[PDB]
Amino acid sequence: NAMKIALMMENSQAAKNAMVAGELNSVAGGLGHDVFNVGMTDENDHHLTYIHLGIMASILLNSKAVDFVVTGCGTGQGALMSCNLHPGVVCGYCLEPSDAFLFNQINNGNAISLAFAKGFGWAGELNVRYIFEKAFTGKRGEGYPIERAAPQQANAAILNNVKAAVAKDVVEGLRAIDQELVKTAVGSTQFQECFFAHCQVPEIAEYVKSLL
């Protein structure tokens, strides 16, 4: 059940990346997962907004470089909406531990967006830890409850179809985005190291290479 998980954070919450990466590495690493911290590591790092996060999630998930994305922003809204526009990226909100469990069972998506500022106060790091505990333990997509899994599974499958239909082909779509945005998205050493090491889709690798 082990996955490659990419953590990616943007400028408004970058000061908190060390804390979140700490919890993710502790929890998900302890559970046997392979964790990559590909967004901002602090406020002085290669600058990103929640727009770049969505593009990064698409490139990493669609190229199969990673299996799951952890992201977020002050409220999680920008990052969640920025991820979900991309085909192949199915991102839920995650505000408290049972969100993560239900998301995995009902939606069986591949990204979650946390709120790192709103609702995040003294002792907020505990909730992040507990979210990771429930997100990355156990099996995924069994429905909840297990007996009612059929229509949930059916609709989750259809969601992927609709996303693929409404969207251009992945690379064509990326080419239509302002290329300044995409260049910025793939610009950091930590992003490139993850992507190039694990990309399973040559067309995406070649496209990314052409930007650098």
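All residue numbers are counted from 1 along the displayed sequence.
Stretches compared: 194-202, 12-20. Higher mean C-alpha B-factor in the entry: 194-202. Relative to its counterpart among 177-185 and 29-37, 29-37 has the higher mean temperature factor, C-alpha atoms as listed in the PDB entry. When the C-alpha B-factors of 129, 140, 86, 118 are ranked from the entry, the top spot goes to 140.
When the Cα B-factors of 58, 161, 153, 44 are read from the PDB record, 44 comes out highest. The deposited CA B-factor of residue 70 belongs to the lowest third of values across its chain. Split the chain's modelled residues into thirds by C-alpha temperature factor. Residue 53 is in the lowest one. Annotation for residue 146: CA B-factor lies in the highest third of the chain's modelled residues.
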